[PDB]
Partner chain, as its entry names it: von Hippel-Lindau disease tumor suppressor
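Just one chain follows, in the form deposited without its partner chain, and it is written as structure tokens.
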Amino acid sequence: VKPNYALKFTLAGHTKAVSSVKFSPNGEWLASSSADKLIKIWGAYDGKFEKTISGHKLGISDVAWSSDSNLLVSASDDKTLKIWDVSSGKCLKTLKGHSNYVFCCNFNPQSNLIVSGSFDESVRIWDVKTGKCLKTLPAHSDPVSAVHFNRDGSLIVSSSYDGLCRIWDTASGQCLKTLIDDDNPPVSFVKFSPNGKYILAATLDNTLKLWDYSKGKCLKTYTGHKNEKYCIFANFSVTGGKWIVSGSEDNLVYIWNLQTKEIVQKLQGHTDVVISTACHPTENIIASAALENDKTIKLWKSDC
């Protein structure tokens, strides 16, 4: 069985490359961040522009939703994160502490903490309520490309241009695992699987890998796309068939069968590198976002 994602909507409004798209956990909204320093909110089902959230002084590399779909956190070249009340558009807190560009961010599932990664080679853990830094992890020896909490929030996974994925105890800050395969390409993305058993890691050698982190073993490789340059997001699609989804530097969205590793679909339409994809929590909907020559977000829907 293969999906049949078809283009439904093209979303225009960002004035520069879109960096990240994310669906609200409640399925109502899409959030986009851009090099234009703006966050935009869109209807998840019709792509209808909702509003613009402004305040960062430089470009934004990432945005993430709180568990209850009420807050966003954004990571900016201005070396801050900002916590946003989506309904009021207010910046609740500006998180200062990184010494270089903030590249990546996520809430824990309980959305009382934020984790951030930076060009300063550190991972920071922040208290959402106070907007104060709880912990600074000397995580990596090169920029941190991605950070993610596991299912219960007790672990963080980080990835870096230093070629390493690391697993951290949230509470203690201790490094519990270093993961690397038989080469040392920059790691451009990582996240835990929904069931919390696996990490999915992108490397800048055109490869995605599914790891059992507790066993420290590479279980599955996904190849056939182009990824040698940019920090491209990857996703688990779980609403229909069990897929892996990634953008690609050939301007396509790639979809793989998670179990068999075969390509099941390539989505054509963008005019530049697809930097970001996101999978809707309840419907077979993919959002995709592309770089400076395109500046659009696309919404794709499948029967399965």
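Numbering follows the first chain given and starts at 1. Rigid core (definition): largest C-alpha set, two forms, superposition within 1.5 Å.
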- Comparing 179 to 187 and 205 to 213 where Cα RMS over structures and residues is taken in 9 other deposited structures of this protein (core fit), larger one: 179 to 187
- Item | Residue stretch of maximal mean CA temperature factor, 85 to 93 vs 175 to 183 | 175 to 183
- Could you check which stretch, 256 to 264 or 28 to 36, carries the larger mean CA temperature factor in the entry? 256 to 264
- Quick one: which of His98, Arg151, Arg166, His148 has the biggest Cα B-factor according to the entry? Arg151
- Task: Please work out which residue in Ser248, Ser276, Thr271, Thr52 has the highest C-alpha B-factor recorded for this crystal structure.
- Result: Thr271
- Item | For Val238, the third of its chain into which the C-alpha B factor falls | highest
- Consider only the C-alpha atoms of the modelled residues in this chain, order them by B-factor as the entry records it, and name the third containing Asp120: lowest, middle or highest. lowest
- In terms of the chain's CA B-factor thirds, is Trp42 lowest, middle or highest? middle
- Task: Within this chain's modelled residues, let me know which third the CA B factor of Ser69 belongs to: lowest, middle or highest.
- Result: middle
- Quick tally, chain-level thirds of C-alpha B-factors: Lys79 sits in the lowest
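The next section is about a form of this same protein that is not shown, the form solved in complex with its partner chain.
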- Give a yes or no on whether every one of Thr207, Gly224 and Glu262 sits within 4.5 angstroms of its partner chain in the deposited complex by heavy atom. no
- Is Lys229 close enough to touch its partner chain in the deposited complex, meaning at least one heavy atom pair within 4.5 Å? yes
- Query: Is there a heavy atom of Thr136 lying 4.5 Å or less from a heavy atom of its partner chain in the deposited complex?
  - Reply: no
- Query: Do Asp142 and its partner chain share at least one heavy atom pair within 4.5 Å in the deposited complex?
  - Reply: yes
- Task: Answer yes if any heavy atom of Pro185 is within 4.5 Å of a heavy atom of its partner chain in the deposited complex; otherwise answer no.
- Result: yes
- Message: Going through 150 to 167, which residues have a heavy atom within 4.5 Å of its partner chain in the deposited complex? Please give them in sequence order.
- Response: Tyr161, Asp162, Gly163
